[PDB]
Structure formats: structure tokens, C-alpha cells
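Coordinates only, no sequence provided:
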RNA sequence: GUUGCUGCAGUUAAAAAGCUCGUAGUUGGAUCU
RNA sequence: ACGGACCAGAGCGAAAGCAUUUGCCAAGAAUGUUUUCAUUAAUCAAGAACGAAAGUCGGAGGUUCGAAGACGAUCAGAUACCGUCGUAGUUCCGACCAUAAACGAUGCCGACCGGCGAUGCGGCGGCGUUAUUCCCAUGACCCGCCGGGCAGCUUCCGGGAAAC
């Protein structure tokens, strides 16, 4: 990845699943990069800013990707407590 | 007997798909409008493509087709579709609800709803 | 002359996507042969691994048709492997090549001892399991060369790996399973998590999400 | 269309052992003749000209011209 | 809902929901959906937590809004309950609708008539419209879907727990999602109740058409 | 004397009974039976087609949705109801008929809904079908205008109004005993006996409830106070992953899910009738089974065939060597 | 990695004793600066 | 002589196996336990119990059935098939014998890895209905929860030449 001198000798640094910290592969076509938008806390309107979630295919195959998404949202104050 | 061929049927479908404005029920109006648009060769395929097109719009007057799909539906289907009643079907006087549902509502902050009738499972 | 069909394709056509890496980063499927043929260009050579003739059981009797195994490789980066069956042999070959360009994967290249110079070997000992064929790649020191059976030797050479200790198990004789195993091993090099990729991945906008306004015009 | 699209040509090369006939039938394209191709297409092929999209009307507009 | 007073579910909405029957889920239950439930009653029917619904709906809206070309979002109903509703939604938001038969290889086969590339997929029923879920799985589409108490949660990203078996239930949900996307955009004001009637989204049904042709 | 489709369907030759024989042109063209159409082709023509005013149609539907029958009805059903109402209004006093019906009286018993009361052959502790009883088997039998409606949904609305109606019999009908289905989720009743999902919330939760309508206009329902009915037994059971294609039979969960067409061949779905005049000549007493066609080898089965097999709870134990299609 | 400690197998391919007890052998829960 | 129907993907037994009533005899699992002991255990060459059917000695007994065998039919060539009869045996007691597709064709003990509700046993918590409305507890149902069972359905967990 990074040689002794200090160069970044790697073709690309792959994104990791936010839900399981597993590496999303090059040919992981069930992989998701979802953007979920943020609002004005007075107006209740789209800001222009969003928080992004990655899911790998393996989670998404098992149906846990929904729950994971939910819990990430919770973590970010996009889905409230309760 | 007399069964229509793949090319003719396909041509008829294409014409219906692109030109439902210009056709009709009357056969011979379908026939002079096919020489104007499509580069067809002559009569006996110019007359078997205009003749499966008159057949295929009476069936539109039986409703839908399973062969074409053009956002139009003349000027009647649209009318029937964008219909709305006078008062919404969700604006109801008294809504019948289970005890469990009521309980749920109570544990949601909605204890002060007024339209509910908690009918008991008799 | 090329006229693209997919959204990705259109982007490629222009100068909106700079490298092949931006496709691999977002794990998008390359559905068109030209995209690969555009980015890697003349650097992609190919080796016909095998032409096995098969006779297809038809109601017309038996006719001859050929199965081609082709491993396309741009050296120092990207491999792919294709399998096609056709009436002519040339047809089979070109079909396989096209098919193998759609299957181009990047390989991660590592270091054996201290990380001095350019990477040469498989980053950690990986495996590729494909239907009773079990291929194992092992990091070898610089200049050892690929110590393997001829087929994964080819495949690893065209991947741009300089040196790798190979070891195969099971019925390695059936070529399809062998080549496919080795390809599966080499793909898995990027899929393996080391300490190198522990930093939380900051998300760039996807090719679609970035050039949305340019895709309105098409 | 077998009379004005395919063009048969039968010759005899004379190699040592016997004869080898050849039969090269080349079906010609369309695009009426700018030196190339028959004028009239296949009597099976039908092409449908894309409609020149007319104005969806807004207002009864009188513009005196 | 990000713990805001502006997005929080109001009294009218709850009454609409109840009228529809969105709370009354199915009899069967997949364990993946059990998170979103309130409780099973002795009758047999699982009652969907309505506050759970609302948050999910909001999330879905926030996903939909996060897309720049509104015609990227492909919206699919395969069964008839949602046909009108989906179309209405499309009209409102600016989404691309797939009504009726979803041809297999709409998303994969690039040498098709109706090959299309969405950035997002929204589906009425993860049971009935399984095929476009699978297609989405091949081509990288995050998926919003209206999930009943009984529904496999394969490949569904943001799942909205609600009755979708009912006719009013399907359409009301769609209406509400539309409303939320538009409010979120700023093309409707949140304070004033929306001009469009939720009844417009409901399934028409061929013989109820003739019952309403007569009485006019 | 307004005739419904059922009058011709049951061959109620009451053309001798009335003189006010009027009907809709639609209901007579909707009949797909050949013998009834043959009867239409010959019969002493004193019948006369009529279509009523939109004012009356609007008035029938106004409280048809209040009595809770309008969803169960048809468009042509409303046409007949409106025809009768405007016909009674034309000749006789309109003031007789009430608008907005009565509050229904709930009266529960401990009987199971499936109890074979009101079934002519079945008897408890004498109730016999005889060659004299056969013509008498109708319903609960007790001046100028009436109906010939065999549909209960029709009868319900008609008798809520106070429109004096009758059946295939000569005399007026007083009490109307039938069953209706109540959804135990949303409590929206349908008179449609055939359906299995409710029109409202769409679940498979409809349960049979007996109703009676007097000629006075009073409705009462007998609810079942029996725990066996509202029992959550074979309800939660794990379901297969949704399979599509040409053969995949999904487990049937909504009223409007698109099934792949799997019909039985015409060799298969031919039942043998022994009463045909030319039956005796044909070689074998029974019409041959199909074994040759694809429908047989795919095991395509009739909707009625395999019925009780569905009623067993899926978390049970089938015999060790059977698999349930 | 066709003798396998590293490193094989034992559903259908060669293979798990009919079953249980049991002497030797091997192997044995935490827990103390 | 045999214990049907009840007789189940129900139970019990180490397995082979095990079904008419009642009584006696000694065991046994599971469960419940703020009981005791405190590593006493897991698997196990030698060795030792039991081990279907058949067979073998000794006694008793022979209902049915029945290898053997005898007749009867059946034909270019019939000597297996089929019929009638019928010996040993099949039955019990006491010895032997020790094998079966003795089958889950799947060592034993232990840990982990998805889900679902039916059942059997025991236990815990429950509104009710039933013993002609029982007078209190107790039985029979019903809703749950717990542990060990014999099973099942479902799942792109992962495996696998694969069916699974």
C-alpha cells in the first residue's frame, strides 16, 4: 500500500461497508452507496447537505442492510430516539 | 386460413404506438394515412397493415391492450383516472378501532383523539 | 465507430471519467467492451489459453463447435478471463476476448520484505476456490519469478505480478476450473482487508451523482 | 427479390486433380442508386418515419399574416 | 425525523392512517420485520407501530430528495392496487414510473427497448415485485419498499412498515411519501395542508368506475 | 314487478303473476347461459326495457353506502334497485319508503358459524328432502309492484327501504336469512360470500356471520361467541422466497396478485355426466384421465381440488412420505 | 496433501465397529500480585 | 396362536427391540430444587455384558403357516412360476451360536453460527369455558413463557463432485 519512501503505491483505496467494516469489492455489484439528505431544523427543508452510507453486498443479501441503515441513521440524529 | 404475419402485426403495432392521433374506426381513413408516413411497399402489404389497425382500436374501446403502451388513453381514460370525489374517503365521522390499537395510540401521545369508537371483540 | 448505450458509457466517451479506477471504486458494472478498450488501449495483450473442440448434441446430430479460454492482461494492473463457445474458431476467440474485457479486475500488488521500489508480489497469501480446484498464491521475495503451473503462470504474468509461490490442490487438469480458480484468487487480493485499509473511507460522489447535469442533455 | 439482390457467379478454376466450382452470391444493400444498390427495398421491410412533433395548443391564437 | 417539531407526525395524519388501515398489518410475520411491530392481538393480526412507520417514511423521503435529477428515481408497482398511485406520485415528484409488467432485464440487458439506469428504486410490494429487486441487486440500486408484516427483506434498503395488502393503504402511503418529498424540497409549505386529495391515489377498480359513472 | 338476472337464471316463469314486468337491457345481455337465452328467445313477450333517472340512482347509492352493501353490489345491481324505486314512485306513494335505515342490533350466541342449520337435508334429534319438498326449497316464505332478486345484497337494501319484494315464489318475502362476512380487523362487512380478502384492509381475515332482515326494515347479526373462531393457530409460518417464472406457484396472499397462467387441459377438466342421452353408447363408464399433457406432469390442479389440505395449520406433521403439492 | 506432524479422508466414490460398560493411554473448568 | 382396529413422523428402551386387564418386583430419563459431595470427568487397546432373524444341542408343545419333500397341472427343450398336501422349524423352558442394508448407508463428548410454530414430557405465569351454572381446590380445554426430547417447514450462513 505505502512504500518505505512515502508514495501511495496502490491503484485505488476501496471503500469499506459502514455497517460491517468489510471491504466493498471491485465487482461487488450488490454494493450500495446511499445518500440520505439533511434538513433545516427550523424550516424542515432540504439543506443541500447529505450523510452517505455504504453497504456491502453480503449484508444486503441477508436482509440486515435495512436494520443497519436504520441504526446508522439513529447514530447520526437522522432517525430520532424511539 | 387468414392469419396475420409477423411483419404486418409489428407494423400495425408500431403505427398504433406512433400516430394514435391520426387513426380512426373507419378502415379507409387508416389507409391513406399509411402511405404518407411509413415507407411501405405497395398494396397487398399496404392493405394488410391498415386492416389490422382498424381491428386494434375497437379492442381499445374494450379497454386496454397487452401490446402497446403510449401515455395518452384518448380523452376519456385520462378523465376517468384523474377523478376525485367530493369528500375524501379518509375523512370519516366515526372510525372503529380495536382496544390494542387504542392502547398503542395512548402510548404515542394521541390519547386525546376524538373520532374513535373502541369496539370490543364480542 | 462507437456509440455508447449505458450512462457510464456516455461519461467514458467524453472526458468525464479519468481512469478505470473510478469505475472500480464505486463497483459499477462495465457492460460495454469499448470502455476497457478505451482506458487501457494498446496495453491490453491477450493469451489464448486453450481451444477445446466440443461436439454439441443436436436433433440434427453432431456438429463441431469450439470453446476458447482467453486471459486478457494489461501488465502491471488488470486481468480478465473469458470463455466462449462458437461455430468458427476465430469467432470463439473474439467473443472470448470481448467477454474477458468485461471481466477485467484490478489486482492489489504487495511487497515481500521491506517495501522498497515497486510492488511485485501478492500482498498476503490468498486463495481461489473454484469447483474442487483450490489455488493458493503466496508472497515470494523479489526476483523469484512465478513458480507455478503454466496456466496460472500466464494469468499471474498478465496481472503484472512478478513473483509468487503457487500451490494447487484437486483436479487441476480441467482447465476451466483452474484458470477460473486463479482468477478468483487474484480478484480476492483487493477484497482482503489488511492494516493498510483501516482509515474510515471518505465518500466521494459517484460518477452518476457528480455528472448528473451532463446526463440531462443525453 | 432473388433476381435483383443476389447475383450468382459460377466459374471453374482448374487445379491438378479435379475441378472446384465456386458460387459467390452477394446480396446487395439498399440506398437508391448513387451508383450503389437497387432503388426499391425489400417488399417485406417497412420503415416508419418519425413524426414531426406538432405544437400542443395553449390558447386560441389569431396571428394575422 | 431528526427529533424535529417540524417533521413530527400530526393528529390529522394519524387519523388518515387509521382510516386507511395502515396500522393493521398481516397475520403472518417475518422476524426481520418484528422490530417495526407494536403487538400481536389475540385475533391474530399484528398491529404496526405507527410512529415506527412515520420515521421510515421520512427517511425514504430524505433518500428520494437526495437525488438531483428527479427522473433518476424509478418507481415500480407490479400489482394493480398501486398502479394509479405510483403514476400520481411520478406526476407529482417528477419520478419515472414502471406500471404493470416489469420486463426482466429492464435494468441489466443494455440491448433492450426499455433499458434504463436509475439511481434509486422504489417498489410497492417486495413480495409481488421481487424481480426488480433482483435486478436492482445486479446494478447497484438502493431500494425503498413498502413492507408488510409479512415481507422478505432481501435487498430492501429503506423499508417502510405499513399495510400494503389494502387498496386505500397502498395509495395513502404513496400520497404521503409524495407530500413528504415535496415539503422536503420546498415546493409545498409545511404549515398549509396540501391541495391534492389523498383519495386521488386510491385504486379505481373497473366496476366501481361504472358505479361512479351513474351517480353524477 | 322488476326482474333481476336471477329470475331468468332460476327460470322463474312469473310472467303470469305480474303485469308491471320491467327490467334493464344490460342484465339480460350479461347472461352467458344458453338455456336461459333460449328461454329469452321464445317467451311470451310482455317484458319491457327501462332505464331510470339519475336522480333516483343517486338516491339509492346515497344510503346503500350507509347500510354497508354498496361495495358488494354491482353497477347493474344499482340499476335494478333504482328501477324499482322509481317504479314504486311512479304509481304508488313515495312517502312509504324511509331514508337512512335502522341501527343494527347485535345479538351474540355460542354457536359455531359452520353449524348446518338452514340446510334442508341436515337434521338433529322430521326434516327430510322428499319428491314433494323439492319445489318448496326456497327460503323464509310468508300488491302491484315487487322484485325478483335472488342476490341477498340486493334484498338487504330493498328491505331496508321498505320496498316490498319477493322471490321465485308467488308470495312476498318477509324475513331474509343469510350469511355475511365481517373483517375482524377493520369491521367492514361485505355481503359477497365468495371473496376471501376484505375490500377495505385487504387481509385474509373475513369471518362468516348470520344476518336476518325483516320486511319492517330491522337488521340483526348473530356474532359467534366461540373461541375456536378467533384463534391465532396456523397463522405465523415461515414462507418461501418469492419465486417468479412460468411454473412458480406463489402462496396467494393478496386478492390482486398476478399468477402465472396454469390451466388444466380439456381432456383433464371434463367431468363425466351419466344423464346424457348418448352416454350408454360410449365404451367406458367414465371419461378418461389425462396423463399425456404437460399440465398433468407439472401437477396443475383445480382450485376446488385440494381444499381441506389448505385449512390445516402449516406447522403440523404431515405423514412421513407425503409432500403437499 | 496418493501415508498426511505440519497436511488427507470415511451421505452417495474404498471406508464409522450392532450396542453399552470398561483396565491401560491420551486428554482434562475456573481460581492464588 | 395371536394381541387388530385405537396405533401418530406419538412414546420408551444402550441397541436388538417393546402394545389385552390387574397386581407385585426392581430400575430409568426429563423436569423442579438458595440440597449435598467438590473434579469425582471425556474418549477409550486388553477385557466384560446384552445383541433381530436363521441355525444348533437338551426337555416340553404342536393352531396357523411352512424351507425340505410328495403329488397335480404346464410344453420345440422345462427340471423356476401356479395349485393340493406337507417334514424340520415357526410356540415355551434351559443351554449354545454372535451375525443383518444391526441404516441417518452419516463415531463419541464439547463450543459456536439464522428463523418459524406444532407436537411429547416436566415446570412457571395467566383473563376465560367446562365437571347438569359445581360450594372451595382439583381435573379437561385456551393464551403465552422456560428446559430436555422425536420430528418438520423455511433461509444466497456457510459448505460441498454433487444430490443435498
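All right, it came through fine. Residues are numbered from 1 along each chain as shown, chains lettered A, B, ... in the order given.

what's the neighbour count on the closest residue to residue A:15 other than its chain neighbours?
Excluding its sequence neighbours, the residue lying closest to residue A:15 (Cβ to Cβ, 6 or more residues apart in numbering or on different chains) is residue C:201, at 4.2 Å. For every residue, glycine as well, the C-beta is placed using N, CA and C. The tally of other residues near residue C:201 (other Cβ atoms under 10 Å in any protein chain shown) stands at 17.

gap between residue C:201 and residue A:14?
According to Cβ to Cβ, to the nearest Å, residue C:201 and residue A:14 sit 8 Å apart.

Check the contact lists of the two and give me the overlap.
Shared contacts of residue C:201 and residue A:14, defined by Cβ atoms under 8 Å, 6 or more residues apart in numbering or on different chains, are not found at any residue.

ok and the residue in the stretch 1-150 of chain F nearest chain B?
Proximity of the stretch 1-150 of chain F to chain B (Cβ to the nearest Cβ) peaks at residue F:108, 5.4 Å away.

Chain C too?
Nearest residue of chain C to chain B (Cβ to the nearest Cβ) works out as residue C:216 at 20.4 Å.

Give the full set of residues in contact with the closest residue in space to that residue that isn't next to it in sequence.
Among residues not flanking residue C:216 along the chain, residue E:69 sits closest, at 6.2 Å (Cβ to Cβ, 6+ apart). The neighbours of residue E:69, taking Cβ under 8 Å, 6+ apart as the test, are C:212, C:215-216, E:119.

What does residue E:69 show for phi and psi?
Main-chain dihedrals, residue E:69, degrees, to the nearest 10: phi -90, psi 110.

For chain F, see how far away it is.
Per Cβ to the nearest Cβ, to the nearest Å, residue E:69 is found 30 Å from chain F.

just residue C:196 next, same as before
Distance, residue C:196 to chain F, by Cβ to the nearest Cβ: 38 Å.

Confirm for me that that residue is in contact with residue A:1.
Yes: contact criterion Cβ atoms under 8 Å: residue C:196 and residue A:1 qualify, at 3.7 Å.

How many residues are close by residue C:111?
Neighbours of residue C:111 (other Cβ under 10 Å): 21.

that older thread, and the residue of the stretch 1-150 of chain F closest to chain B, what is it in contact with?
Contact partners of residue F:108, counting by Cβ under 8 Å, 6+ apart, are B:122, F:222-225.

out of these, which touch chain A?
Near chain A, judged by Cβ under 8 Å from any Cβ of the partner chain, there are no entries from these.

Among these, which one sits closest to chain C?
Distances from chain C to the contacts of residue F:108, taken by Cβ to the nearest Cβ, are shortest for residue B:122, at 56.8 Å.

how near is that closest one to chain D?
For residue B:122, the distance to chain D - Cβ to the nearest Cβ - is 59 Å.

Pull the number of nearby residues for that residue.
Neighbour count for residue B:122, taken as other Cβ under 10 Å: 9.

Repeat that for residue E:16.
20.

Run a quick neighbour tally on residue E:87.
Other residues close to residue E:87 by other Cβ under 10 Å number 20.

Is residue E:216 in contact with residue F:54, as I believe?
Yes: with contacts counted by Cβ under 8 Å, residue E:216 reaches residue F:54, the gap being 7.4 Å.

what about these two, which has more around it?
For residue E:216 versus residue F:54, neighbours defined as other Cβ under 10 Å are more numerous around residue F:54 (12 against 8).

At which residues are the strands of chain B located?
B:38-39, B:95-97, B:116-118 (DSSP state E).

Quick check: which of those strands is buried the most?
Mean neighbour count (mean count of other Cβ atoms under 10 Å in any protein chain shown) peaks for strand B:95-97 among these, with a mean of 17.

bridging residues for residue F:212?
When assigned by DSSP bridges, residue F:212 has beta-bridge partners residue F:177, residue F:220.

I'd guessed it sits against residue F:174; true?
No: Residue F:212 lies out of contact with residue F:174 (Cβ under 8 Å); the separation is 10.4 Å.
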